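Shown below: query22.txt, with compact mmCIF, N, CA and C atoms and all ligand atoms.
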# COMPACT_ATOMS: atom_id res chain seq x y z
N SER A 1 0.85 -1.18 0.00
CA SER A 1 0.00 0.00 0.00
C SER A 1 0.89 1.23 0.00
N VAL A 2 0.74 2.06 -1.02
CA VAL A 2 1.51 3.30 -1.11
C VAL A 2 0.81 4.37 -0.28
N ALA A 3 1.58 5.04 0.58
CA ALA A 3 1.03 6.09 1.44
C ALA A 3 0.87 7.37 0.62
N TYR A 4 -0.17 7.38 -0.20
CA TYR A 4 -0.46 8.54 -1.03
C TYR A 4 -1.03 9.67 -0.19
N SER A 5 -0.62 10.89 -0.51
CA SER A 5 -1.20 12.09 0.05
C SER A 5 -1.09 13.18 -1.00
N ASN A 6 -1.87 14.24 -0.82
CA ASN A 6 -1.87 15.31 -1.81
C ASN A 6 -0.74 16.31 -1.61
N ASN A 7 0.05 16.18 -0.54
CA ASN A 7 1.20 17.05 -0.36
C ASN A 7 2.41 16.31 0.19
N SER A 8 2.51 15.01 -0.02
CA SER A 8 3.62 14.22 0.49
C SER A 8 4.38 13.58 -0.67
N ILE A 9 5.70 13.62 -0.59
CA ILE A 9 6.57 13.03 -1.60
C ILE A 9 7.61 12.16 -0.90
N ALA A 10 8.06 11.13 -1.60
CA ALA A 10 9.13 10.26 -1.13
C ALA A 10 10.33 10.43 -2.05
N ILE A 11 11.48 10.74 -1.47
CA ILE A 11 12.68 10.99 -2.26
C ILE A 11 13.81 10.10 -1.73
N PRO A 12 14.49 9.35 -2.59
CA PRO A 12 15.57 8.48 -2.12
C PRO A 12 16.78 9.27 -1.63
N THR A 13 17.42 8.73 -0.60
CA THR A 13 18.64 9.31 -0.05
C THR A 13 19.88 8.51 -0.41
N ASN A 14 19.73 7.35 -1.03
CA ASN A 14 20.85 6.49 -1.38
C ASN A 14 20.52 5.82 -2.71
N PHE A 15 21.38 4.90 -3.13
CA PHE A 15 21.15 4.18 -4.38
C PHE A 15 21.84 2.83 -4.32
N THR A 16 21.43 1.95 -5.22
CA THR A 16 22.04 0.64 -5.38
C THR A 16 22.44 0.47 -6.83
N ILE A 17 23.72 0.18 -7.06
CA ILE A 17 24.17 -0.20 -8.39
C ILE A 17 23.92 -1.70 -8.54
N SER A 18 23.02 -2.06 -9.44
CA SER A 18 22.59 -3.44 -9.61
C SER A 18 22.99 -3.95 -10.98
N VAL A 19 23.45 -5.20 -11.04
CA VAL A 19 23.81 -5.86 -12.29
C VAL A 19 22.96 -7.11 -12.43
N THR A 20 22.23 -7.21 -13.54
CA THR A 20 21.36 -8.35 -13.81
C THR A 20 21.68 -8.93 -15.18
N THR A 21 21.32 -10.20 -15.36
CA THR A 21 21.62 -10.93 -16.58
C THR A 21 20.37 -11.08 -17.44
N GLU A 22 20.56 -10.98 -18.75
CA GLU A 22 19.53 -11.33 -19.72
C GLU A 22 20.15 -12.25 -20.76
N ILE A 23 19.52 -13.40 -20.99
CA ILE A 23 20.05 -14.45 -21.85
C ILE A 23 19.13 -14.59 -23.05
N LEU A 24 19.69 -14.47 -24.24
CA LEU A 24 18.90 -14.53 -25.47
C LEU A 24 19.52 -15.54 -26.43
N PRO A 25 18.74 -16.48 -26.96
CA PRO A 25 19.25 -17.32 -28.05
C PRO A 25 19.45 -16.50 -29.31
N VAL A 26 20.49 -16.84 -30.06
CA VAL A 26 20.86 -16.12 -31.28
C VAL A 26 20.80 -17.03 -32.50
N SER A 27 21.35 -18.23 -32.39
CA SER A 27 21.38 -19.16 -33.50
C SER A 27 21.02 -20.56 -33.02
N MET A 28 20.56 -21.38 -33.95
CA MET A 28 20.34 -22.80 -33.72
C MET A 28 21.26 -23.60 -34.64
N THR A 29 21.22 -24.92 -34.49
CA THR A 29 22.11 -25.77 -35.26
C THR A 29 21.67 -25.85 -36.72
N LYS A 30 22.65 -25.78 -37.62
CA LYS A 30 22.40 -25.93 -39.04
C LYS A 30 22.45 -27.40 -39.41
N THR A 31 21.44 -27.86 -40.15
CA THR A 31 21.34 -29.26 -40.53
C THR A 31 21.16 -29.40 -42.04
N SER A 32 21.61 -30.53 -42.56
CA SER A 32 21.42 -30.91 -43.95
C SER A 32 20.96 -32.36 -44.00
N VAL A 33 20.15 -32.68 -45.00
CA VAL A 33 19.53 -33.99 -45.11
C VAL A 33 19.82 -34.57 -46.49
N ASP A 34 20.36 -35.79 -46.52
CA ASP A 34 20.41 -36.61 -47.72
C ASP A 34 19.12 -37.43 -47.77
N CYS A 35 18.22 -37.05 -48.69
CA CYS A 35 16.94 -37.74 -48.85
C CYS A 35 17.10 -39.19 -49.23
N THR A 36 17.98 -39.48 -50.19
CA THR A 36 18.16 -40.85 -50.65
C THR A 36 18.73 -41.72 -49.55
N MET A 37 19.64 -41.17 -48.74
CA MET A 37 20.18 -41.92 -47.61
C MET A 37 19.11 -42.16 -46.54
N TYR A 38 18.25 -41.17 -46.29
CA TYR A 38 17.25 -41.34 -45.24
C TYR A 38 16.15 -42.31 -45.67
N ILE A 39 15.66 -42.18 -46.90
CA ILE A 39 14.50 -42.96 -47.33
C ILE A 39 14.91 -44.32 -47.89
N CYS A 40 15.95 -44.36 -48.71
CA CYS A 40 16.31 -45.52 -49.52
C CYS A 40 17.78 -45.86 -49.34
N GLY A 41 18.22 -45.98 -48.09
CA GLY A 41 19.63 -46.14 -47.76
C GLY A 41 20.33 -47.35 -48.35
N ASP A 42 21.17 -47.08 -49.36
CA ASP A 42 21.95 -48.09 -50.10
C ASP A 42 21.06 -49.15 -50.75
N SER A 43 19.91 -48.73 -51.27
CA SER A 43 19.02 -49.61 -52.02
C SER A 43 18.76 -48.99 -53.38
N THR A 44 19.25 -49.64 -54.44
CA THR A 44 19.15 -49.10 -55.79
C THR A 44 17.71 -49.11 -56.29
N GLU A 45 16.94 -50.15 -55.95
CA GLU A 45 15.54 -50.22 -56.35
C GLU A 45 14.72 -49.10 -55.72
N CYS A 46 14.96 -48.84 -54.43
CA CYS A 46 14.30 -47.74 -53.76
C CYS A 46 14.73 -46.39 -54.33
N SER A 47 16.02 -46.24 -54.67
CA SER A 47 16.49 -44.98 -55.26
C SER A 47 15.85 -44.72 -56.62
N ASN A 48 15.73 -45.77 -57.43
CA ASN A 48 15.09 -45.65 -58.74
C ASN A 48 13.60 -45.35 -58.60
N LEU A 49 12.95 -45.89 -57.58
CA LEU A 49 11.56 -45.51 -57.34
C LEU A 49 11.43 -44.11 -56.76
N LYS B 1 28.34 -18.65 -58.14
CA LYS B 1 29.39 -18.75 -57.14
C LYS B 1 28.81 -19.09 -55.77
N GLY B 2 29.45 -20.02 -55.08
CA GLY B 2 29.04 -20.39 -53.75
C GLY B 2 29.46 -21.81 -53.43
N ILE B 3 28.91 -22.31 -52.32
CA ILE B 3 29.18 -23.65 -51.83
C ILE B 3 27.85 -24.40 -51.81
N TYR B 4 27.85 -25.64 -52.29
CA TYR B 4 26.63 -26.40 -52.48
C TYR B 4 26.78 -27.77 -51.84
N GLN B 5 25.80 -28.16 -51.04
CA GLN B 5 25.77 -29.51 -50.51
C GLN B 5 25.42 -30.50 -51.61
N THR B 6 26.14 -31.61 -51.64
CA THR B 6 25.88 -32.70 -52.58
C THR B 6 25.49 -33.95 -51.79
N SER B 7 25.42 -35.07 -52.50
CA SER B 7 25.09 -36.34 -51.88
C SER B 7 26.19 -36.78 -50.93
N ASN B 8 25.80 -37.59 -49.95
CA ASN B 8 26.77 -38.16 -49.03
C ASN B 8 27.69 -39.13 -49.76
N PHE B 9 28.87 -39.35 -49.18
CA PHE B 9 29.91 -40.13 -49.84
C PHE B 9 29.49 -41.59 -49.95
N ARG B 10 29.33 -42.06 -51.19
CA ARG B 10 28.85 -43.41 -51.47
C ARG B 10 30.02 -44.35 -51.71
N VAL B 11 29.90 -45.57 -51.20
CA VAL B 11 30.85 -46.65 -51.46
C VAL B 11 30.09 -47.80 -52.09
N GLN B 12 30.53 -48.23 -53.26
CA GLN B 12 29.84 -49.33 -53.92
C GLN B 12 30.38 -50.67 -53.42
N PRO B 13 29.52 -51.69 -53.36
CA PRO B 13 30.00 -53.03 -53.01
C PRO B 13 30.87 -53.62 -54.11
N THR B 14 31.86 -54.41 -53.69
CA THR B 14 32.83 -55.00 -54.60
C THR B 14 32.53 -56.45 -54.94
N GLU B 15 31.86 -57.19 -54.05
CA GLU B 15 31.56 -58.59 -54.30
C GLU B 15 30.30 -58.97 -53.55
N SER B 16 29.71 -60.09 -53.95
CA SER B 16 28.50 -60.62 -53.35
C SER B 16 28.81 -61.91 -52.62
N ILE B 17 28.35 -62.03 -51.38
CA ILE B 17 28.54 -63.25 -50.61
C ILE B 17 27.17 -63.83 -50.26
N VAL B 18 27.14 -65.16 -50.12
CA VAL B 18 25.95 -65.90 -49.73
C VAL B 18 26.34 -66.81 -48.56
N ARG B 19 25.59 -66.74 -47.47
CA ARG B 19 25.85 -67.56 -46.29
C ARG B 19 24.57 -68.31 -45.92
N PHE B 20 24.53 -69.59 -46.26
CA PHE B 20 23.45 -70.51 -45.95
C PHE B 20 24.01 -71.58 -45.01
N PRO B 21 23.17 -72.25 -44.22
CA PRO B 21 23.68 -73.30 -43.33
C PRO B 21 24.17 -74.52 -44.10
N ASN B 22 24.94 -75.35 -43.40
CA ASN B 22 25.43 -76.62 -43.94
C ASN B 22 24.26 -77.58 -44.04
N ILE B 23 23.64 -77.65 -45.22
CA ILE B 23 22.53 -78.56 -45.45
C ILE B 23 22.86 -79.41 -46.67
N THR B 24 22.69 -80.73 -46.54
CA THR B 24 23.02 -81.67 -47.60
C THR B 24 21.80 -82.34 -48.21
N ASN B 25 20.89 -82.85 -47.39
CA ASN B 25 19.79 -83.68 -47.87
C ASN B 25 18.73 -82.86 -48.60
N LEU B 26 18.13 -83.49 -49.60
CA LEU B 26 16.97 -82.93 -50.28
C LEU B 26 15.73 -83.12 -49.41
N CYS B 27 14.77 -82.21 -49.56
CA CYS B 27 13.53 -82.30 -48.81
C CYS B 27 12.68 -83.47 -49.31
N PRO B 28 11.88 -84.09 -48.42
CA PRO B 28 11.10 -85.27 -48.84
C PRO B 28 9.95 -84.95 -49.77
N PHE B 29 10.29 -84.53 -50.99
CA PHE B 29 9.28 -84.25 -52.01
C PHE B 29 8.53 -85.51 -52.40
N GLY B 30 9.24 -86.64 -52.47
CA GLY B 30 8.58 -87.90 -52.75
C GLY B 30 7.61 -88.32 -51.66
N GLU B 31 8.02 -88.15 -50.40
CA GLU B 31 7.15 -88.49 -49.28
C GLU B 31 5.94 -87.58 -49.19
N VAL B 32 6.08 -86.31 -49.53
CA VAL B 32 4.95 -85.39 -49.42
C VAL B 32 4.03 -85.50 -50.63
N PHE B 33 4.57 -85.34 -51.83
CA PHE B 33 3.76 -85.23 -53.04
C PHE B 33 3.55 -86.57 -53.74
N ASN B 34 4.16 -87.65 -53.27
CA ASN B 34 4.02 -88.96 -53.90
C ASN B 34 3.71 -90.03 -52.86
N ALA B 35 3.02 -89.65 -51.79
CA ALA B 35 2.61 -90.62 -50.79
C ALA B 35 1.52 -91.53 -51.35
N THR B 36 1.54 -92.79 -50.91
CA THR B 36 0.54 -93.75 -51.37
C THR B 36 -0.85 -93.40 -50.83
N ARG B 37 -0.92 -92.99 -49.57
CA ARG B 37 -2.18 -92.63 -48.93
C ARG B 37 -2.16 -91.17 -48.53
N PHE B 38 -3.32 -90.53 -48.64
CA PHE B 38 -3.53 -89.17 -48.18
C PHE B 38 -4.63 -89.16 -47.13
N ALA B 39 -4.53 -88.23 -46.19
CA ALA B 39 -5.50 -88.15 -45.11
C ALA B 39 -6.83 -87.59 -45.60
N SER B 40 -7.89 -87.90 -44.86
CA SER B 40 -9.16 -87.21 -45.05
C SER B 40 -9.05 -85.78 -44.54
N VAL B 41 -9.92 -84.90 -45.07
CA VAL B 41 -9.79 -83.47 -44.80
C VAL B 41 -10.15 -83.13 -43.36
N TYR B 42 -11.06 -83.88 -42.73
CA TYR B 42 -11.38 -83.63 -41.33
C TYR B 42 -10.22 -84.02 -40.41
N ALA B 43 -9.40 -84.97 -40.84
CA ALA B 43 -8.28 -85.46 -40.04
C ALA B 43 -6.98 -85.18 -40.78
N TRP B 44 -6.81 -83.94 -41.25
CA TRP B 44 -5.70 -83.57 -42.11
C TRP B 44 -4.36 -83.75 -41.40
N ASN B 45 -3.41 -84.33 -42.12
CA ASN B 45 -2.11 -84.67 -41.55
C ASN B 45 -1.17 -83.48 -41.61
N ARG B 46 -0.40 -83.27 -40.54
CA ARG B 46 0.62 -82.23 -40.49
C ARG B 46 1.98 -82.88 -40.35
N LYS B 47 2.89 -82.57 -41.26
CA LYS B 47 4.23 -83.14 -41.28
C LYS B 47 5.27 -82.04 -41.13
N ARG B 48 6.22 -82.24 -40.23
CA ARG B 48 7.29 -81.28 -40.01
C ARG B 48 8.38 -81.45 -41.06
N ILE B 49 8.83 -80.34 -41.64
CA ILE B 49 9.89 -80.31 -42.64
C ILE B 49 11.06 -79.55 -42.05
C1 LIG A 101 24.33 4.19 1.22
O1 LIG A 101 24.41 2.77 1.03
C2 LIG A 101 25.73 2.22 1.17
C3 LIG A 101 25.63 0.76 0.80
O2 LIG A 101 24.28 0.32 0.74
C4 LIG A 101 26.22 2.46 2.59
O3 LIG A 101 27.55 1.97 2.73
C5 LIG A 101 27.65 1.06 3.84
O4 LIG A 101 27.71 1.74 5.11
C6 LIG A 101 27.80 0.87 6.25
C7 LIG A 101 27.77 1.75 7.47
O5 LIG A 101 28.64 2.87 7.33
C8 LIG A 101 29.06 0.02 6.15
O6 LIG A 101 29.09 -0.90 7.24
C9 LIG A 101 29.10 -0.73 4.83
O7 LIG A 101 30.34 -1.42 4.70
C10 LIG A 101 28.92 0.23 3.65
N1 LIG A 101 28.88 -0.51 2.40
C11 LIG A 101 29.56 -0.12 1.31
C12 LIG A 101 29.40 -0.99 0.10
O8 LIG A 101 30.27 0.88 1.31
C13 LIG A 101 26.19 3.95 2.90
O9 LIG A 101 26.55 4.19 4.25
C14 LIG A 101 24.80 4.54 2.63
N2 LIG A 101 24.82 5.98 2.83
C15 LIG A 101 23.82 6.65 3.42
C16 LIG A 101 24.01 8.13 3.53
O10 LIG A 101 22.82 6.08 3.84
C1 LIG A 102 8.74 -81.60 -49.34
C2 LIG A 102 8.33 -80.29 -48.68
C3 LIG A 102 9.09 -79.10 -49.23
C4 LIG A 102 9.01 -77.87 -48.35
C5 LIG A 102 9.58 -76.63 -49.02
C6 LIG A 102 9.44 -75.37 -48.19
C7 LIG A 102 9.83 -74.11 -48.96
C8 LIG A 102 8.80 -73.70 -50.00
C9 LIG A 102 9.35 -73.74 -51.42
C10 LIG A 102 8.30 -74.15 -52.45
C11 LIG A 102 8.09 -75.65 -52.52
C12 LIG A 102 6.92 -76.07 -53.39
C13 LIG A 102 6.99 -75.49 -54.79
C14 LIG A 102 6.12 -76.23 -55.79
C15 LIG A 102 6.59 -76.06 -57.22
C16 LIG A 102 5.50 -75.59 -58.17
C17 LIG A 102 5.89 -75.70 -59.63
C18 LIG A 102 4.80 -75.34 -60.65
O1 LIG A 102 4.52 -74.13 -60.75
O2 LIG A 102 4.28 -76.27 -61.29
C1 LIG A 103 5.79 -92.27 -56.98
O1 LIG A 103 5.35 -93.53 -56.43
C2 LIG A 103 5.15 -94.56 -57.41
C3 LIG A 103 4.61 -95.77 -56.67
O2 LIG A 103 5.44 -96.10 -55.56
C4 LIG A 103 6.46 -94.85 -58.14
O3 LIG A 103 6.23 -95.82 -59.15
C5 LIG A 103 7.00 -93.56 -58.76
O4 LIG A 103 8.28 -93.80 -59.34
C6 LIG A 103 7.12 -92.46 -57.71
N1 LIG A 103 7.56 -91.22 -58.32
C7 LIG A 103 8.51 -90.44 -57.79
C8 LIG A 103 8.84 -89.20 -58.55
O5 LIG A 103 9.07 -90.73 -56.74
Please express what this file holds, its structure, as structure tokens.
Amino acid sequence: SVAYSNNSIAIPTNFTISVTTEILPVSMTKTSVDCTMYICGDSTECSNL
Amino acid sequence: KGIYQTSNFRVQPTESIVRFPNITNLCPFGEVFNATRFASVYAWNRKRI
């Protein structure tokens, strides 16, 4: 509860130097896919289809 | 101009091998398909091969 009044003010007499962390992702892993290897791995009939 | 992903490095087979068990005898084709008597269908005979 803030002690509000029409003629009262609160003024700081000191200060705190505070250091905080913010962590942000920037990049993800780059991937490549060989379709023939994934679907028809070393099968000539599957590769031809 | 640039760098392009190609297919993964393929190695072709050099020879074909076949590995079957040490089996000598022929299956009893004469006993199965040339039996003198055959069972009735209600009492059908089962033979292990
Ligand atoms: C303002 O705040 C600082 C730190 O919050 C006060 O410094 C401390 O003062 C006490 C008492 O003199 C010491 O025991 C601490 O070692 C001090 N800390 C540091 C980091 O210096 C300072 O006294 C405050 N000033 C006023 C006017 O309130
Ligand atoms: C004597 C029992 C043999 C058991 C063999 C088990 C493996 C199955 C292979 C096929 C055997 C029967 C093939 C029949 C040949 C048919 C020829 C035709 O089309 O006239
Ligand atoms: C089938 O059985 C008959 C009667 O025993 C025989 O004459 C014939 O040679 C047999 N055939 C084969 C392929 O074994």
Every residue of chain B that DSSP places in alpha helix (DSSP H), as a ChimeraX atom specification | /B:29-33
Enumerate as number ranges by chain the residues within 10 Å of ligand LIG 103 (chain A), counting only C-alpha atoms and all ligand atoms.
-> B: 28-36
Selected residues written out, N, CA and C atoms, as a tab-separated table (two decimals), keeping the file's coordinate frame:
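Output file part16.tsv follows:
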chain	number	residue	atom	x	y	z
B	28	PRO	N	11.88	-84.09	-48.42
B	28	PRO	CA	11.10	-85.27	-48.84
B	28	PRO	C	9.95	-84.95	-49.77
B	29	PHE	N	10.29	-84.53	-50.99
B	29	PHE	CA	9.28	-84.25	-52.01
B	29	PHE	C	8.53	-85.51	-52.40
B	30	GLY	N	9.24	-86.64	-52.47
B	30	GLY	CA	8.58	-87.90	-52.75
B	30	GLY	C	7.61	-88.32	-51.66
B	31	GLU	N	8.02	-88.15	-50.40
B	31	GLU	CA	7.15	-88.49	-49.28
B	31	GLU	C	5.94	-87.58	-49.19
B	32	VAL	N	6.08	-86.31	-49.53
B	32	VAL	CA	4.95	-85.39	-49.42
B	32	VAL	C	4.03	-85.50	-50.63
B	33	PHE	N	4.57	-85.34	-51.83
B	33	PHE	CA	3.76	-85.23	-53.04
B	33	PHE	C	3.55	-86.57	-53.74
B	34	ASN	N	4.16	-87.65	-53.27
B	34	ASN	CA	4.02	-88.96	-53.90
B	34	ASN	C	3.71	-90.03	-52.86
B	35	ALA	N	3.02	-89.65	-51.79
B	35	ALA	CA	2.61	-90.62	-50.79
B	35	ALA	C	1.52	-91.53	-51.35
B	36	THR	N	1.54	-92.79	-50.91
B	36	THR	CA	0.54	-93.75	-51.37
B	36	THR	C	-0.85	-93.40	-50.83
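For the atom pair formed by CA of residue 3 (chain A) and CA of residue 15 (chain A), the distance is 21.0 Å, given to one decimal.
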Work out how far CA of residue 19 (chain A) is from atom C2 of ligand LIG 101 (chain A), in Å to one decimal.
-> 15.8 Å
Within 7 Å of ligand LIG 101 (chain A) (counting all atoms listed in the file), which residues show up? I'd like them as an mmCIF file with N, CA and C atoms, in the frame of the given file.
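And here's pocket_8.cif as it stands now:
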data_model
loop_
_atom_site.group_PDB
_atom_site.id
_atom_site.type_symbol
_atom_site.label_atom_id
_atom_site.label_comp_id
_atom_site.auth_asym_id
_atom_site.auth_seq_id
_atom_site.Cartn_x
_atom_site.Cartn_y
_atom_site.Cartn_z
ATOM 1 N N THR A 13 17.420 8.730 -0.600
ATOM 2 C CA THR A 13 18.640 9.310 -0.050
ATOM 3 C C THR A 13 19.880 8.510 -0.410
ATOM 4 N N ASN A 14 19.730 7.350 -1.030
ATOM 5 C CA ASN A 14 20.850 6.490 -1.380
ATOM 6 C C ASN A 14 20.520 5.820 -2.710
ATOM 7 N N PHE A 15 21.380 4.900 -3.130
ATOM 8 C CA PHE A 15 21.150 4.180 -4.380
ATOM 9 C C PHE A 15 21.840 2.830 -4.320
ATOM 10 N N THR A 16 21.430 1.950 -5.220
ATOM 11 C CA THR A 16 22.040 0.640 -5.380
ATOM 12 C C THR A 16 22.440 0.470 -6.830
#
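With atom N of residue 31 (chain A) on one side and atom N of residue 9 (chain B) on the other, the separation reads 16.4 Å.
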Restricting to only C-alpha atoms, whichever of B:19, B:47, B:10, B:37 is closest to residue 42 (chain A) is B:10
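Of the residues under consideration (B:27, B:22, B:46, B:40), B:27 shows the shortest atom-to-atom contact distance to ligand LIG 102 (chain A) when counting all atoms listed in the file.
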Quick one: of A:26, A:49, A:33, A:40, who's nearest to chain B, counting only C-alpha atoms?
-> A:33
Could you put an axis-aligned box around every listed atom of region 36-45 of chain B, padded by 5 Å on each side, and send me its centre and edge lengths in Å to one decimal, as lines of an AutoDock Vina configuration file?
center_x = -4.9
center_y = -88.4
center_z = -45.7
size_x = 22.9
size_y = 20.6
size_z = 21.3
Can you check which residues of chain B have any atom within 12 Å of chain A? Use only C-alpha atoms and format it as a ChimeraX atom specification.
-> /B:4-13
Once you've located region 12-26 of chain B in the structure I gave, write it as a PDB file, in the first residue's frame, keeping N, CA and C atoms.
ATOM      1  N   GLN B  12      30.527 -48.229 -53.255  1.00  0.00           N
ATOM      2  CA  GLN B  12      29.843 -49.329 -53.915  1.00  0.00           C
ATOM      3  C   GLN B  12      30.375 -50.673 -53.425  1.00  0.00           C
ATOM      4  N   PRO B  13      29.521 -51.695 -53.361  1.00  0.00           N
ATOM      5  CA  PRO B  13      30.002 -53.034 -53.012  1.00  0.00           C
ATOM      6  C   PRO B  13      30.873 -53.623 -54.109  1.00  0.00           C
ATOM      7  N   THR B  14      31.857 -54.413 -53.686  1.00  0.00           N
ATOM      8  CA  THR B  14      32.825 -55.000 -54.602  1.00  0.00           C
ATOM      9  C   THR B  14      32.535 -56.453 -54.939  1.00  0.00           C
ATOM     10  N   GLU B  15      31.864 -57.187 -54.054  1.00  0.00           N
ATOM     11  CA  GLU B  15      31.558 -58.587 -54.305  1.00  0.00           C
ATOM     12  C   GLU B  15      30.298 -58.971 -53.547  1.00  0.00           C
ATOM     13  N   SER B  16      29.711 -60.092 -53.952  1.00  0.00           N
ATOM     14  CA  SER B  16      28.496 -60.615 -53.347  1.00  0.00           C
ATOM     15  C   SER B  16      28.812 -61.913 -52.622  1.00  0.00           C
ATOM     16  N   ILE B  17      28.349 -62.029 -51.380  1.00  0.00           N
ATOM     17  CA  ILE B  17      28.535 -63.248 -50.607  1.00  0.00           C
ATOM     18  C   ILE B  17      27.174 -63.834 -50.261  1.00  0.00           C
ATOM     19  N   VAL B  18      27.142 -65.157 -50.117  1.00  0.00           N
ATOM     20  CA  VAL B  18      25.953 -65.905 -49.726  1.00  0.00           C
ATOM     21  C   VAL B  18      26.341 -66.807 -48.564  1.00  0.00           C
ATOM     22  N   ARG B  19      25.588 -66.735 -47.470  1.00  0.00           N
ATOM     23  CA  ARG B  19      25.848 -67.557 -46.289  1.00  0.00           C
ATOM     24  C   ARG B  19      24.570 -68.307 -45.923  1.00  0.00           C
ATOM     25  N   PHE B  20      24.529 -69.588 -46.260  1.00  0.00           N
ATOM     26  CA  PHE B  20      23.452 -70.511 -45.947  1.00  0.00           C
ATOM     27  C   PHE B  20      24.008 -71.579 -45.010  1.00  0.00           C
ATOM     28  N   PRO B  21      23.166 -72.247 -44.216  1.00  0.00           N
ATOM     29  CA  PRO B  21      23.680 -73.302 -43.330  1.00  0.00           C
ATOM     30  C   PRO B  21      24.173 -74.521 -44.097  1.00  0.00           C
ATOM     31  N   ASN B  22      24.945 -75.351 -43.396  1.00  0.00           N
ATOM     32  CA  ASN B  22      25.431 -76.618 -43.938  1.00  0.00           C
ATOM     33  C   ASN B  22      24.262 -77.581 -44.043  1.00  0.00           C
ATOM     34  N   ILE B  23      23.644 -77.654 -45.216  1.00  0.00           N
ATOM     35  CA  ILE B  23      22.534 -78.565 -45.449  1.00  0.00           C
ATOM     36  C   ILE B  23      22.860 -79.414 -46.668  1.00  0.00           C
ATOM     37  N   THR B  24      22.690 -80.728 -46.541  1.00  0.00           N
ATOM     38  CA  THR B  24      23.019 -81.668 -47.603  1.00  0.00           C
ATOM     39  C   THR B  24      21.800 -82.342 -48.215  1.00  0.00           C
ATOM     40  N   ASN B  25      20.888 -82.853 -47.391  1.00  0.00           N
ATOM     41  CA  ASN B  25      19.794 -83.683 -47.874  1.00  0.00           C
ATOM     42  C   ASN B  25      18.735 -82.863 -48.600  1.00  0.00           C
ATOM     43  N   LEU B  26      18.130 -83.486 -49.604  1.00  0.00           N
ATOM     44  CA  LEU B  26      16.968 -82.929 -50.276  1.00  0.00           C
ATOM     45  C   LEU B  26      15.726 -83.122 -49.411  1.00  0.00           C
TER      46      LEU B  26
END
